[PDB]
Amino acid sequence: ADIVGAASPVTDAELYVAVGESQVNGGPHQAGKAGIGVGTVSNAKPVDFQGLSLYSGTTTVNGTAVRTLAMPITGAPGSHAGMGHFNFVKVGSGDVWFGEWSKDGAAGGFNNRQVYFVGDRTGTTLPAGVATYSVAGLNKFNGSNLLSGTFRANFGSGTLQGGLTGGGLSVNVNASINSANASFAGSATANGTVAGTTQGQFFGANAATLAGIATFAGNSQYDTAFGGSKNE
């Protein structure tokens, strides 16, 4: 596998997540896939998102299946008591994910919140010309505040620009596409005033999908995870 991803900054030495290639072969978990670890379970050894699917709830909004995971879960070991609260979305048919995590979810105020994306880059190529993407975004998801918008990619010029809006929040991104590794990086702007950065990745043949995070250091409430599939 060729797993790539990123998470916004950790806020605590134990209450945090990190993304990367999954390492756990045990229970429902399989190594070698797009994964996440939490500091409260085996010092964040990562497990695969795919395996979490059959145990996660679903809230579908505007055609986006937001997956939700938190204790209690039948068959989860006691070591998992402090796993926290995950909201995450599978992007397309491949092993591509974006989402957020917090200690206590909506009921507790999304403490220790982080955003992330992670996916398998195997087989990724970039097409010629231009394409647009229907993108969804998550920031403290409560069931009715999903962000949505359109990103515009110009692969000939190496630009990715777009915006997401929802639940009173607007995030715009302006990034440069790196054709050597199909990543992108640039600025992010929240509600037209708050400066941050964007980092993300195209996945799949002919850039079938993308995922990324927009983060705002010193203004972290606006941190947003996003992803979507190419239009057509």
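Numbering starts at 1 and follows the sequence shown.
So, looking at the entry's B-factor column for Cα atoms, which has the higher mean, 77 to 85 or 92 to 100? The deposited B-factors put 77 to 85 ahead on the C-alpha mean.
Look over 6 to 14 and 217 to 225 in the entry and identify the one with the greater average Cα temperature factor. It is 6 to 14 that shows the higher mean C-alpha B-factor.
According to the deposited entry, which of 29, 67, 33, 45 has the largest Cα B-factor? Highest CA B-factor of the listed options: 45.
Among 173, 61, 182, 185, single out the one with the highest C-alpha B factor in the record, please. Highest C-alpha B-factor among the listed residues goes to 61.
Which third of the chain holds residue 111 when residues are ordered by C-alpha B factor: lowest, middle or highest? Within its chain, residue 111 is a highest-third residue by C-alpha B-factor, going by the deposited values.
By the recorded C-alpha temperature factor, relative to the other modelled residues in its chain, which third is residue 130 in? For residue 130, whose C-alpha B-factor we compare with every modelled residue in the chain, the answer is the middle third.
B-factor third for the C-alpha atom of residue 203 within its chain: Tercile = lowest for this residue's CA B-factor.
Taking the chain's C-alpha temperature factors as the reference, tell me which third residue 124 falls into: lowest, middle or highest. Ranked within chain, residue 124 CA B lands in the middle tercile.
C-alpha B factor of residue 39, ranked within the chain: lowest, middle or highest third? Tercile = highest for this residue's CA B-factor.
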